[PDB]
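**Student:** There's a structure below that I have some questions on.
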Amino acid sequence: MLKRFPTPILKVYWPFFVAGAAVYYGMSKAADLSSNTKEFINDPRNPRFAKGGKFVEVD
Amino acid sequence: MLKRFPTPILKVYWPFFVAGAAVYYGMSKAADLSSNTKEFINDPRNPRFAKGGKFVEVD
Amino acid sequence: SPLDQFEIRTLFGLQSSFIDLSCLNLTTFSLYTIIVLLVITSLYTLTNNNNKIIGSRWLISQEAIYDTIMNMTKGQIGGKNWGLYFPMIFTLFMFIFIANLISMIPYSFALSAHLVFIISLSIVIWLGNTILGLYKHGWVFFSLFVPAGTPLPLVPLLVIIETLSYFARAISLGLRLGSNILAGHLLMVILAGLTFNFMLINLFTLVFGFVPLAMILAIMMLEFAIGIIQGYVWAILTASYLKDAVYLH
Amino acid sequence: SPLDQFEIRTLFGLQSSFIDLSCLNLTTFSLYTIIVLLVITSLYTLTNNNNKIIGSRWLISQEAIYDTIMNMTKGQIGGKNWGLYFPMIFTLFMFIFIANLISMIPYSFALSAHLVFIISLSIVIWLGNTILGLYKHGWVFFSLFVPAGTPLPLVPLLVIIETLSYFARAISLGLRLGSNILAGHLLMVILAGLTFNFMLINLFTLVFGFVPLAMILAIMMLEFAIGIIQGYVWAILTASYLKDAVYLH
Amino acid sequence: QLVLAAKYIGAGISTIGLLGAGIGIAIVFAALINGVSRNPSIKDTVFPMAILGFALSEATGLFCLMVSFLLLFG
Amino acid sequence: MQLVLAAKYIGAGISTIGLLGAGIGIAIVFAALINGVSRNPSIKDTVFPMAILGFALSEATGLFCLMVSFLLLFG
Amino acid sequence: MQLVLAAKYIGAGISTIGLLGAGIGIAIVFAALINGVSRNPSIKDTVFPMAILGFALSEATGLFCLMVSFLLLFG
Amino acid sequence: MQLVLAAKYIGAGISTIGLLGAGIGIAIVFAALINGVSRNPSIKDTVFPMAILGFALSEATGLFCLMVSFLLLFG
Amino acid sequence: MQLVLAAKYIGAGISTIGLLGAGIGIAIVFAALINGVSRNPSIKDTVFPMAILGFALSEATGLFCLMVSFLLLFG
Amino acid sequence: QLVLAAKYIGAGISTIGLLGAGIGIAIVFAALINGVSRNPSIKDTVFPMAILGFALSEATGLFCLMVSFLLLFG
Amino acid sequence: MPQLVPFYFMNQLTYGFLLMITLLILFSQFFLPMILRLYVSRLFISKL
Amino acid sequence: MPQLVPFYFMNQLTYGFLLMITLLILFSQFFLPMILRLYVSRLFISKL
């Protein structure tokens, strides 16, 4: 079928992966900051409603 | 462990199962009729919001 | 809100947009049904030490429950074939008996106090009596609605307010159990809520504040009795109802 | 609303109340990533007939792509070790090349036209150039910001508006591709929307209504070119950027 | 909407009639217990009369409950 | 709007009088149980299922009234 | 909200009446206990747990009417 | 909504100006094509596909400014 | 509220003028490509990556202006 | 809120300056193509000057884009 | 009452009837006859 | 623009970076050297 060859893909590409984790974290906080705006606080598919809280709805 | 014995549980209990299917269906229609009332049309965990439609919200 | 102990919370979750798959998903009610099934499995699987004849001390309990429900359904339907309806008369017991001892554990939850499930189970047993009676005995099933030798000018009244009692049987059998379990739990939580705010006023109340604690202990002693007796009364009324439906009076 | 072709709809679903597990769930974007992965797997697994040396007609395509990206990244970074960064320079190509041919299929969906993913991928490659450059070349990494032999009284201006062009590189590389794919698809859908309502007026328009159809065919001919050229331009700019980051000018 | 509030008072007052039904089922099974305890060989003879009298007494307690349901839901 | 909740709570108060028709019910059933066991000591294992049956199958009519009270209070 | 809180007090007043059921009830059980011991003093350890059981099961119907008053006072 | 629909027409008017880029553009490409054929008439089948490619890639930038006008007229 | 959407659409119309700075851009790049291939027929495989590079890396500055237009139109 | 609408006109007008940037990158790579085609052995000598001039011209087209982002977001 | 009337009716009833059919098949075929095997075995050793 | 700003940012980015790490490991260890084996084999038969 296919013979796996052990190519070095970690001692070459580590800053790409570190940057990936950093952008992942920064986009997590950006998504949490954007999901509470005036336009999108009453879109019912956001993950706020699946845990606890319901309908601030004061704008 | 346990030796399964083939006890007759279908040629004895069929009207219980037919009644179970009938009550299942009737409670399905009762749940669909109750999930659209004035009190519960804006509870965000109903299965309307997971498919399409959003926020009649005229009461 | 003293009734917050019956809230149903979703835990494992599942959804879609094609089909409404929100019917089945692991929930507090569903998780406690898994717990009831595993307890009832545990009362018979690991109870029997290596399939020994002598039947160790744990198996005396599930021996006595078996015998007190055999000797109860032999004295009710008691005909040519009483044992054909014995697994249902046992599995209507053990669900209610285990689901009213699990609910006594303090941070836990009453399966039995959901009226929508118990009333549904009662309507299932009532329709399964009427369909079984019609299938087994044709058009003369309605001979159940005349009591005995009665004078004919008052027979239709005694038919109307016999059939009204015949389909009150659909919801009465469930709502008895629902009312007992719900009122018992709501009583315990309300008296706990009153004795808590009794013991937060001035320090003289924690002195001799043992008597309301003893009253709550006495009500908890009463509550096992009112929980096991209802598990027995369910299994005696749905033996009497199969006596009426199978045998015409 | 001509832009409804980019709507993201959830399909398989997953939720909870303990932890926000709504991040991973099978979605239109996610399903088309599964399709891109299976296509790229299909271009090399079942392409090779029983591991034959001769390399049947399907394998000439994935031969030519390999060779035109080897001979492109040998002419950019071209140093002592150019091949150590060759798998990334190939897998940045093939994702964009396959995800812009799948998007041409009429009832389908552009992965590349989501600015939030492509701009994120561009910022990932930019930070992975700056971190790699700092690690490999210490404090003298900032020698990249002075061009050549320049007169010293105008060096700080030529440092400020060199670094501004250095971190415009974070979003420019992604937003080029996003703008091309989004504008091409929005152009095709808007011209289809205009020629549809052109052909529903009086029957003389379906006669000689072939020329707007031919214009849409010509734009679709153009759109493969503007889709493959961007897949090449991504892989040439992120070879030039690794030339700057690895080798100081 | 005085009527929407006054139907609840009616649904409350119309539930008092079960007072007779509970005492009634008690008196029936009380006489059944006394009759079995005096004559031990009469249980299978007279027990359907007890179940009959219970069914009649509940239904005639149940009239109040169905009037309460008509007031509360109709 | 105050009138609806006011008459709601008044009707929920009214709909607990029917439990005096159940207290006396359980009383008369266990009273006959005691008088039947005392005058015949070998009837207990025959009269006890009828005792439990009559007990709960008489309470049920007080618990119906309590459910009318709960549907008033909380529904 | 003065009307609904005035109605709460009246409802807690009405939900006191159902205790007379238990007050007659416990007594009918213990009266039958006394009249059963006097007919037969040998059946004491058989009869008296049934009297305690009837005491408990009627006191439950008393407390089910007390708890509605405790709801209407505070909750 | 008369003001926003009046602004739509002005916006569709402004988004016409960007076509002059393509109008000069296609011409500069074909002018270079002519001046390249006249210097060397043997390189025709090598050069002319690049001229067609530049034609297409500048006409795309023309149509990207036409589609904004077609949005502001109707959509 | 009409003024916001009106000036929004006017600004979105204004922000497509910059594509004439990209049409002429692609034009001059492919024009130099044609004149460079025509005067030296063996430079095509060396000058073509610089042609594609200059082409798209010059359009990008018209596509920035089109994204300002899209953020005005739809955002 | 006249200012909330008039910042959008400013963000539209301030994007016109990219007209110079696109023509600029074109003229730079046009001269690069002509210089390679006249002298074939000058590519590796003069290509960093082309990348430098492109970087400077884009940044001086990019001033207009950052002013547009300050008007549209600040 | 608010707590026993949610949207979860079909949830309640679905897992309930699955548990009922489960316990019915499970009791009847497995666990009641494993007690009855003990009964017949004790009586068979008793009769000998 | 309304369509490219939903709540699905972490969805997009999660499956995207999983696919990137997948294709990176997958290309580099599997599919590029299965072409390079063809190369070295052709040249080895050519040199003989």
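Each chain in the structure tokens gets a letter, A, B and so on, in the order shown; residues start at 1 in every chain, and ligands are counted from 1 in the order they appear.
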Please report, as JSON lines, each residue of chain F lying at most 12 Å from stretch 43-59 of chain G, together with the nearest pair of atoms and the separation in Å rounded to one decimal; use only C-alpha atoms, and order rows by chain and ascending residue number.
**Tutor:**
```
{"residue": "F:19", "atom": "CA", "partner": "G:58", "partner_atom": "CA", "distance": 9.8}
{"residue": "F:20", "atom": "CA", "partner": "G:58", "partner_atom": "CA", "distance": 9.7}
{"residue": "F:21", "atom": "CA", "partner": "G:58", "partner_atom": "CA", "distance": 10.8}
{"residue": "F:22", "atom": "CA", "partner": "G:58", "partner_atom": "CA", "distance": 7.9}
{"residue": "F:23", "atom": "CA", "partner": "G:58", "partner_atom": "CA", "distance": 5.1}
{"residue": "F:24", "atom": "CA", "partner": "G:58", "partner_atom": "CA", "distance": 7.8}
{"residue": "F:25", "atom": "CA", "partner": "G:58", "partner_atom": "CA", "distance": 8.5}
{"residue": "F:26", "atom": "CA", "partner": "G:58", "partner_atom": "CA", "distance": 6.1}
{"residue": "F:27", "atom": "CA", "partner": "G:54", "partner_atom": "CA", "distance": 6.7}
{"residue": "F:28", "atom": "CA", "partner": "G:54", "partner_atom": "CA", "distance": 9.6}
{"residue": "F:29", "atom": "CA", "partner": "G:54", "partner_atom": "CA", "distance": 8.7}
{"residue": "F:30", "atom": "CA", "partner": "G:54", "partner_atom": "CA", "distance": 5.9}
{"residue": "F:31", "atom": "CA", "partner": "G:51", "partner_atom": "CA", "distance": 8.2}
{"residue": "F:32", "atom": "CA", "partner": "G:51", "partner_atom": "CA", "distance": 11.0}
{"residue": "F:33", "atom": "CA", "partner": "G:50", "partner_atom": "CA", "distance": 8.3}
{"residue": "F:34", "atom": "CA", "partner": "G:47", "partner_atom": "CA", "distance": 6.4}
{"residue": "F:35", "atom": "CA", "partner": "G:47", "partner_atom": "CA", "distance": 9.3}
{"residue": "F:36", "atom": "CA", "partner": "G:47", "partner_atom": "CA", "distance": 10.1}
{"residue": "F:37", "atom": "CA", "partner": "G:47", "partner_atom": "CA", "distance": 7.3}
{"residue": "F:38", "atom": "CA", "partner": "G:43", "partner_atom": "CA", "distance": 6.7}
{"residue": "F:39", "atom": "CA", "partner": "G:43", "partner_atom": "CA", "distance": 9.6}
{"residue": "F:40", "atom": "CA", "partner": "G:43", "partner_atom": "CA", "distance": 9.8}
{"residue": "F:41", "atom": "CA", "partner": "G:43", "partner_atom": "CA", "distance": 7.5}
{"residue": "F:42", "atom": "CA", "partner": "G:43", "partner_atom": "CA", "distance": 10.9}
{"residue": "F:43", "atom": "CA", "partner": "G:46", "partner_atom": "CA", "distance": 12.0}
{"residue": "F:44", "atom": "CA", "partner": "G:46", "partner_atom": "CA", "distance": 9.3}
{"residue": "F:45", "atom": "CA", "partner": "G:46", "partner_atom": "CA", "distance": 11.7}
{"residue": "F:48", "atom": "CA", "partner": "G:50", "partner_atom": "CA", "distance": 9.9}
{"residue": "F:51", "atom": "CA", "partner": "G:50", "partner_atom": "CA", "distance": 10.3}
{"residue": "F:52", "atom": "CA", "partner": "G:54", "partner_atom": "CA", "distance": 10.4}
{"residue": "F:55", "atom": "CA", "partner": "G:57", "partner_atom": "CA", "distance": 8.8}
{"residue": "F:56", "atom": "CA", "partner": "G:57", "partner_atom": "CA", "distance": 9.6}
{"residue": "F:58", "atom": "CA", "partner": "G:58", "partner_atom": "CA", "distance": 11.7}
{"residue": "F:59", "atom": "CA", "partner": "G:58", "partner_atom": "CA", "distance": 9.5}
{"residue": "F:62", "atom": "CA", "partner": "G:58", "partner_atom": "CA", "distance": 11.4}
```
**Student:** If chain F is superposed onto chain G by least squares using every Cα atom in order, what is the RMSD, in Å to one decimal?
**Tutor:**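 The fitted C-alpha deviation between chain G and chain F is 0.5 Å.
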**Student:** Go ahead and compute the interatomic distance for atom CA of residue I:18 and atom CA of residue D:185, in Å to one decimal.
**Tutor:**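 Here the two named atoms are 20.4 Å from each other.
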**Student:** Record the distance separating atom CA of residue C:245 and atom CA of residue C:135, expressed in Å with one decimal.
**Tutor:**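 Taking atom CA of residue C:245 as the start and atom CA of residue C:135 as the end point, the length is 10.4 Å.
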**Student:** Any idea which chain D residues end up within 7 Å of chain C if we count only C-alpha atoms, as a list in words please?
**Tutor:**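 Here is what falls inside 7 Å: residues 10, 11, 12, 13, 14, 15, 16, 17 and 18 of chain D.
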**Student:** Any chance you can output those residues with N, CA, C and O atoms as a PDB file, in the first residue's frame?
**Tutor:**
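As written to disk, again-v4.pdb reads:
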```
ATOM      1  N   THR D  10     -25.341  23.844  10.026  1.00  0.00           N
ATOM      2  CA  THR D  10     -24.930  22.708  10.838  1.00  0.00           C
ATOM      3  C   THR D  10     -25.749  21.476  10.480  1.00  0.00           C
ATOM      4  O   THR D  10     -26.955  21.569  10.240  1.00  0.00           O
ATOM      5  N   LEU D  11     -25.080  20.330  10.393  1.00  0.00           N
ATOM      6  CA  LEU D  11     -25.716  19.105   9.929  1.00  0.00           C
ATOM      7  C   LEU D  11     -25.776  18.010  10.984  1.00  0.00           C
ATOM      8  O   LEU D  11     -26.865  17.567  11.352  1.00  0.00           O
ATOM      9  N   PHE D  12     -24.634  17.557  11.489  1.00  0.00           N
ATOM     10  CA  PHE D  12     -24.655  16.382  12.345  1.00  0.00           C
ATOM     11  C   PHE D  12     -24.896  16.735  13.792  1.00  0.00           C
ATOM     12  O   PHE D  12     -25.506  15.943  14.511  1.00  0.00           O
ATOM     13  N   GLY D  13     -24.407  17.887  14.234  1.00  0.00           N
ATOM     14  CA  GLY D  13     -24.760  18.435  15.526  1.00  0.00           C
ATOM     15  C   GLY D  13     -24.117  17.771  16.722  1.00  0.00           C
ATOM     16  O   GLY D  13     -23.896  16.556  16.732  1.00  0.00           O
ATOM     17  N   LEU D  14     -23.825  18.578  17.741  1.00  0.00           N
ATOM     18  CA  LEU D  14     -23.368  18.114  19.041  1.00  0.00           C
ATOM     19  C   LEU D  14     -23.443  19.300  19.985  1.00  0.00           C
ATOM     20  O   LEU D  14     -23.150  20.430  19.596  1.00  0.00           O
ATOM     21  N   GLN D  15     -23.856  19.040  21.218  1.00  0.00           N
ATOM     22  CA  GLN D  15     -23.957  20.098  22.211  1.00  0.00           C
ATOM     23  C   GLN D  15     -23.785  19.468  23.578  1.00  0.00           C
ATOM     24  O   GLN D  15     -23.654  18.254  23.704  1.00  0.00           O
ATOM     25  N   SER D  16     -23.771  20.316  24.600  1.00  0.00           N
ATOM     26  CA  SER D  16     -23.774  19.877  25.989  1.00  0.00           C
ATOM     27  C   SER D  16     -24.257  21.037  26.839  1.00  0.00           C
ATOM     28  O   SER D  16     -24.743  22.048  26.330  1.00  0.00           O
ATOM     29  N   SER D  17     -24.131  20.868  28.151  1.00  0.00           N
ATOM     30  CA  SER D  17     -24.243  21.984  29.070  1.00  0.00           C
ATOM     31  C   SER D  17     -23.066  22.072  30.022  1.00  0.00           C
ATOM     32  O   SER D  17     -22.890  23.107  30.669  1.00  0.00           O
ATOM     33  N   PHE D  18     -22.257  21.014  30.114  1.00  0.00           N
ATOM     34  CA  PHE D  18     -21.033  21.077  30.904  1.00  0.00           C
ATOM     35  C   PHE D  18     -19.978  21.929  30.217  1.00  0.00           C
ATOM     36  O   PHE D  18     -19.506  22.924  30.778  1.00  0.00           O
TER      37      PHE D  18
END
```
**Student:** Record the distance separating atom CA of residue J:47 and atom CA of residue D:76, expressed in Å with one decimal.
**Tutor:**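 These two atoms are separated by 11.5 Å.
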**Student:** Near stretch 45-53 of chain A, within 8 Å and counting only C-alpha atoms, which residues show up once chain neighbours fewer than 2 positions away are dropped, as a VMD selection string?
**Tutor:** (chain A and resid 35 43 55) or (chain B and resid 44 to 45 49 to 50) or (chain D and resid 15 to 18 20 22) or (chain L and resid 7)
**Student:** For those residues, write N, CA, C and O atoms to a file as a short mmCIF file (atom, residue, chain, number, x, y, z; two decimals), in the first residue's frame.
**Tutor:**
```
data_model
loop_
_atom_site.label_atom_id
_atom_site.label_comp_id
_atom_site.auth_asym_id
_atom_site.auth_seq_id
_atom_site.Cartn_x
_atom_site.Cartn_y
_atom_site.Cartn_z
N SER A 35 -19.34 37.44 20.08
CA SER A 35 -20.61 36.73 20.21
C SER A 35 -21.54 37.41 21.21
O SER A 35 -22.65 36.92 21.44
N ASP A 43 -29.27 35.61 18.37
CA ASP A 43 -29.25 34.55 17.37
C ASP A 43 -29.22 33.22 18.11
O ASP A 43 -28.25 32.93 18.80
N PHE A 55 -31.53 34.98 27.25
CA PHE A 55 -32.30 36.15 26.80
C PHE A 55 -32.11 37.38 27.70
O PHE A 55 -32.98 37.72 28.51
N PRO B 44 -35.46 28.82 24.49
CA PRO B 44 -34.53 28.55 23.38
C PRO B 44 -34.07 27.10 23.25
O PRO B 44 -33.26 26.81 22.37
N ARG B 45 -34.54 26.19 24.10
CA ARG B 45 -34.07 24.82 23.99
C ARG B 45 -35.06 23.92 23.28
O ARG B 45 -34.87 22.70 23.23
N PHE B 49 -35.58 25.69 16.91
CA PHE B 49 -34.47 26.56 16.56
C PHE B 49 -33.32 25.80 15.93
O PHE B 49 -32.53 26.38 15.18
N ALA B 50 -33.21 24.50 16.21
CA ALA B 50 -32.14 23.71 15.62
C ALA B 50 -32.35 23.43 14.14
O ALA B 50 -31.41 23.00 13.47
N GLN D 15 -23.86 19.04 21.22
CA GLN D 15 -23.96 20.10 22.21
C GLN D 15 -23.78 19.47 23.58
O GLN D 15 -23.65 18.25 23.70
N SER D 16 -23.77 20.32 24.60
CA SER D 16 -23.77 19.88 25.99
C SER D 16 -24.26 21.04 26.84
O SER D 16 -24.74 22.05 26.33
N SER D 17 -24.13 20.87 28.15
CA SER D 17 -24.24 21.98 29.07
C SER D 17 -23.07 22.07 30.02
O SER D 17 -22.89 23.11 30.67
N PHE D 18 -22.26 21.01 30.11
CA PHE D 18 -21.03 21.08 30.90
C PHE D 18 -19.98 21.93 30.22
O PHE D 18 -19.51 22.92 30.78
N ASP D 20 -18.40 23.62 26.36
CA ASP D 20 -18.80 24.11 25.04
C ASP D 20 -18.14 23.22 24.00
O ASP D 20 -17.06 23.51 23.50
N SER D 22 -19.37 22.81 21.08
CA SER D 22 -19.95 23.23 19.81
C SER D 22 -18.88 23.67 18.82
O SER D 22 -19.21 24.05 17.68
N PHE L 7 -21.04 32.99 14.39
CA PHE L 7 -20.45 32.32 15.54
C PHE L 7 -19.52 31.18 15.17
O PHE L 7 -18.87 30.62 16.06
#
```
**Student:** Skip residue B:32 itself and residues of its chain fewer than 2 positions away, then list as JSON, numbers by chain all residues within 12 Å of it, counting only C-alpha atoms.
**Tutor:** {"B": [25, 26, 27, 28, 29, 30, 34, 35, 36, 37, 40, 41, 46, 47, 48], "C": [20], "K": [6, 7, 8, 9, 10]}
**Student:** Keeping only C-alpha atoms, take the residues you just selected and write them out as a PDB file, in the first residue's frame.
**Tutor:**
```pdb
ATOM      1  CA  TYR B  25     -47.827   8.765  18.667  1.00  0.00           C
ATOM      2  CA  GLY B  26     -50.523  10.631  20.584  1.00  0.00           C
ATOM      3  CA  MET B  27     -47.977  12.136  22.943  1.00  0.00           C
ATOM      4  CA  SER B  28     -45.849  13.154  19.956  1.00  0.00           C
ATOM      5  CA  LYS B  29     -48.738  15.172  18.563  1.00  0.00           C
ATOM      6  CA  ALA B  30     -49.539  16.511  22.044  1.00  0.00           C
ATOM      7  CA  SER B  34     -47.911  22.198  23.374  1.00  0.00           C
ATOM      8  CA  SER B  35     -44.518  23.400  22.145  1.00  0.00           C
ATOM      9  CA  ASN B  36     -46.112  26.263  20.182  1.00  0.00           C
ATOM     10  CA  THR B  37     -48.062  27.958  22.975  1.00  0.00           C
ATOM     11  CA  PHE B  40     -43.317  28.340  25.417  1.00  0.00           C
ATOM     12  CA  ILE B  41     -42.443  29.791  22.031  1.00  0.00           C
ATOM     13  CA  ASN B  46     -37.049  23.676  21.931  1.00  0.00           C
ATOM     14  CA  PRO B  47     -36.170  21.792  18.712  1.00  0.00           C
ATOM     15  CA  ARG B  48     -37.643  24.476  16.441  1.00  0.00           C
TER      16      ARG B  48
ATOM     17  CA  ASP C  20     -35.398  16.111  15.096  1.00  0.00           C
TER      18      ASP C  20
ATOM     19  CA  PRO K   6     -41.392  21.122  29.524  1.00  0.00           C
ATOM     20  CA  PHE K   7     -40.482  20.172  25.962  1.00  0.00           C
ATOM     21  CA  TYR K   8     -38.923  16.977  27.340  1.00  0.00           C
ATOM     22  CA  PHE K   9     -42.108  14.885  27.036  1.00  0.00           C
ATOM     23  CA  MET K  10     -40.798  12.705  24.240  1.00  0.00           C
TER      24      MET K  10
END
```
**Student:** For stretch 206-212 of chain C, please output as a PDB file with N, CA, C and O atoms, in the first residue's frame all residues within 12 Å (counting only C-alpha atoms; exclusion window: fewer than 6 positions along the same chain).
**Tutor:**
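Wrote around_11.pdb, looks like this:
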```
ATOM      1  N   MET C 188     -40.930  17.274  52.294  1.00  0.00           N
ATOM      2  CA  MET C 188     -39.604  17.233  52.911  1.00  0.00           C
ATOM      3  C   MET C 188     -38.788  18.473  52.580  1.00  0.00           C
ATOM      4  O   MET C 188     -38.137  19.041  53.466  1.00  0.00           O
ATOM      5  N   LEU C 191     -40.220  21.571  54.556  1.00  0.00           N
ATOM      6  CA  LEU C 191     -39.874  21.593  55.976  1.00  0.00           C
ATOM      7  C   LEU C 191     -38.381  21.789  56.203  1.00  0.00           C
ATOM      8  O   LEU C 191     -37.987  22.420  57.190  1.00  0.00           O
ATOM      9  N   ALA C 192     -37.538  21.298  55.293  1.00  0.00           N
ATOM     10  CA  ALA C 192     -36.117  21.610  55.393  1.00  0.00           C
ATOM     11  C   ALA C 192     -35.869  23.099  55.192  1.00  0.00           C
ATOM     12  O   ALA C 192     -35.072  23.706  55.918  1.00  0.00           O
ATOM     13  N   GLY C 193     -36.571  23.709  54.235  1.00  0.00           N
ATOM     14  CA  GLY C 193     -36.480  25.143  54.011  1.00  0.00           C
ATOM     15  C   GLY C 193     -36.980  25.981  55.158  1.00  0.00           C
ATOM     16  O   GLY C 193     -36.498  27.100  55.348  1.00  0.00           O
ATOM     17  N   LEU C 194     -37.933  25.471  55.928  1.00  0.00           N
ATOM     18  CA  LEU C 194     -38.378  26.233  57.082  1.00  0.00           C
ATOM     19  C   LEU C 194     -37.433  26.063  58.264  1.00  0.00           C
ATOM     20  O   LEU C 194     -37.147  27.039  58.967  1.00  0.00           O
ATOM     21  N   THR C 195     -36.911  24.855  58.491  1.00  0.00           N
ATOM     22  CA  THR C 195     -36.021  24.674  59.633  1.00  0.00           C
ATOM     23  C   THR C 195     -34.649  25.270  59.389  1.00  0.00           C
ATOM     24  O   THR C 195     -33.903  25.499  60.346  1.00  0.00           O
ATOM     25  N   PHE C 196     -34.284  25.514  58.131  1.00  0.00           N
ATOM     26  CA  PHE C 196     -33.021  26.194  57.887  1.00  0.00           C
ATOM     27  C   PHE C 196     -33.099  27.644  58.327  1.00  0.00           C
ATOM     28  O   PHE C 196     -32.255  28.118  59.089  1.00  0.00           O
ATOM     29  N   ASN C 197     -34.130  28.361  57.885  1.00  0.00           N
ATOM     30  CA  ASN C 197     -34.289  29.735  58.329  1.00  0.00           C
ATOM     31  C   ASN C 197     -34.739  29.835  59.780  1.00  0.00           C
ATOM     32  O   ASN C 197     -34.685  30.928  60.349  1.00  0.00           O
ATOM     33  N   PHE C 198     -35.178  28.734  60.390  1.00  0.00           N
ATOM     34  CA  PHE C 198     -35.407  28.741  61.828  1.00  0.00           C
ATOM     35  C   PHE C 198     -34.098  28.785  62.600  1.00  0.00           C
ATOM     36  O   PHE C 198     -34.036  29.372  63.682  1.00  0.00           O
ATOM     37  N   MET C 199     -33.039  28.191  62.060  1.00  0.00           N
ATOM     38  CA  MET C 199     -31.785  28.043  62.787  1.00  0.00           C
ATOM     39  C   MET C 199     -30.756  29.117  62.457  1.00  0.00           C
ATOM     40  O   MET C 199     -29.615  29.019  62.912  1.00  0.00           O
ATOM     41  N   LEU C 200     -31.119  30.135  61.682  1.00  0.00           N
ATOM     42  CA  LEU C 200     -30.196  31.226  61.401  1.00  0.00           C
ATOM     43  C   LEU C 200     -30.511  32.501  62.163  1.00  0.00           C
ATOM     44  O   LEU C 200     -29.743  33.464  62.071  1.00  0.00           O
ATOM     45  N   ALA C 218     -38.489  12.051  61.423  1.00  0.00           N
ATOM     46  CA  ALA C 218     -39.689  11.224  61.478  1.00  0.00           C
ATOM     47  C   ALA C 218     -40.419  11.211  60.143  1.00  0.00           C
ATOM     48  O   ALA C 218     -40.959  10.176  59.736  1.00  0.00           O
ATOM     49  N   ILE C 219     -40.427  12.341  59.437  1.00  0.00           N
ATOM     50  CA  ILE C 219     -41.061  12.374  58.121  1.00  0.00           C
ATOM     51  C   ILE C 219     -40.264  11.551  57.112  1.00  0.00           C
ATOM     52  O   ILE C 219     -40.842  10.862  56.263  1.00  0.00           O
TER      53      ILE C 219
END
```
**Student:** Pick out the residues sitting within 9 Å of residue H:10, and hand them over as a ChimeraX atom specification; count only C-alpha atoms, and ignore anything fewer than 6 positions along from it in its own chain.
**Tutor:** /H:72 /I:9-10,13
**Student:** So that I have them on file, write out the residues from the current selection with N, CA and C atoms, as a PDB file, in the first residue's frame.
**Tutor:**
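This is the output file result-v8.pdb:
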```pdb
ATOM      1  N   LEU H  72     -25.939  47.801  -7.039  1.00  0.00           N
ATOM      2  CA  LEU H  72     -26.555  49.044  -6.606  1.00  0.00           C
ATOM      3  C   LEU H  72     -27.750  49.438  -7.459  1.00  0.00           C
TER       4      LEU H  72
ATOM      5  N   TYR I   9     -24.135  53.421   0.884  1.00  0.00           N
ATOM      6  CA  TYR I   9     -24.103  52.996  -0.511  1.00  0.00           C
ATOM      7  C   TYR I   9     -23.314  53.966  -1.380  1.00  0.00           C
ATOM      8  N   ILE I  10     -23.327  55.263  -1.048  1.00  0.00           N
ATOM      9  CA  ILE I  10     -22.518  56.222  -1.802  1.00  0.00           C
ATOM     10  C   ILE I  10     -21.035  55.948  -1.599  1.00  0.00           C
ATOM     11  N   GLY I  13     -20.032  53.003  -3.510  1.00  0.00           N
ATOM     12  CA  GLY I  13     -19.839  53.345  -4.908  1.00  0.00           C
ATOM     13  C   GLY I  13     -18.510  54.035  -5.154  1.00  0.00           C
TER      14      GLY I  13
END
```
